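Here you get one chain, nothing else, as structure tokens; it is the form deposited in one PDB entry.
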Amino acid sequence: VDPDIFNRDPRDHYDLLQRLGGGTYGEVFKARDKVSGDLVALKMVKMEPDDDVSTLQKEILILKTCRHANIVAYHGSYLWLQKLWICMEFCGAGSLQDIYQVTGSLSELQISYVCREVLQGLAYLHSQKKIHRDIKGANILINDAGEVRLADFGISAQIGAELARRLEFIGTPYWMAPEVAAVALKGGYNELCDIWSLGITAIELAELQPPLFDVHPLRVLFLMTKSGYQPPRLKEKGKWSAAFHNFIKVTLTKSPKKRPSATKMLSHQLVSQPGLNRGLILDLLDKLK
């Protein structure tokens, strides 16, 4: 699962303080270093010798090979008595969903700053051939230093593992059409799917819910496949500037061939504005207390 794993009980180094919740899979615990007192988040997953180790192997590999200020910090992993423990940064404010349900709608400048920081994390991930595939407020954390960090590579790991399995059982390819060979090797979609999720997340930070949240999940999926499909928009026009409406319009470009990349989005009017600094986030954290 990981050549750098510690075959030791994490409870030798950490006091488990409380079960904070969970992600796509696993259970997350708040933990404290026994001697220093430093806080960490320990994600525990059941790991038997018979289980497929590929998903968790890929999640650890993404966390270990990410060296970025906009990606949650990784400290190491533990394997002890059929339980895998992934040790990561403990972000004191929690997720942006934890924040906006107490604080309400973020201001346009706070959203602009979060979007820029997320786009820097996405530009980095995409440059290293990775796709997050689960961009949303619940997966964007704010640490005590006011930094915006992408978290939960669970879906990304599951998708990488599913793609490796498909290649293993693809069979003889001599009669396969090139587009069949392409979805077997790449998947049918690309990293631009993360740009659309950031557009939906910016609406979620403004409205406390993604668009169509009240609509049945299957109806949402079917409508996206229909011919006359129109992407979502911000509900209250006058509350937001034209730069925010345009950010939603371009990130939510229906065709992936015309959806801008993460680096191209960094020069967009909304995220290239002058007043975007960590002070906006430190002031968001002050409102929480």
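When you see a residue number, it is the position in the sequence shown, counting from 1. Each form is matched to the other, and the largest set of C-alpha atoms that superpose within 1.5 Å is called the rigid core.
The next section is about a form of this same protein that is not shown, the form deposited in another entry.
With the core held fixed by superposition, the comparison between the shown form and the other one singles out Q57 as the only member of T253, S261, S241, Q57 whose CA moves by at least 2 angstroms. Superposition of the core reveals a Cα shift of 2 Å or more for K34 between the shown form and the other one.
Comparing the forms between the shown form and the other one, the C-alpha position of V102 differs by less than 2 angstroms, with the core used for superposition.
With the core superposed, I170 shows a C-alpha displacement of at least 2 Å between the shown form and the other one. The Cα-Cα distance between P178 and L221 is shortened by 3 Å or more in the other entry relative to the form shown here.
Between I135 and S54, the C-alpha separation grows by 3 Å or more in the other entry, relative to the conformation displayed.
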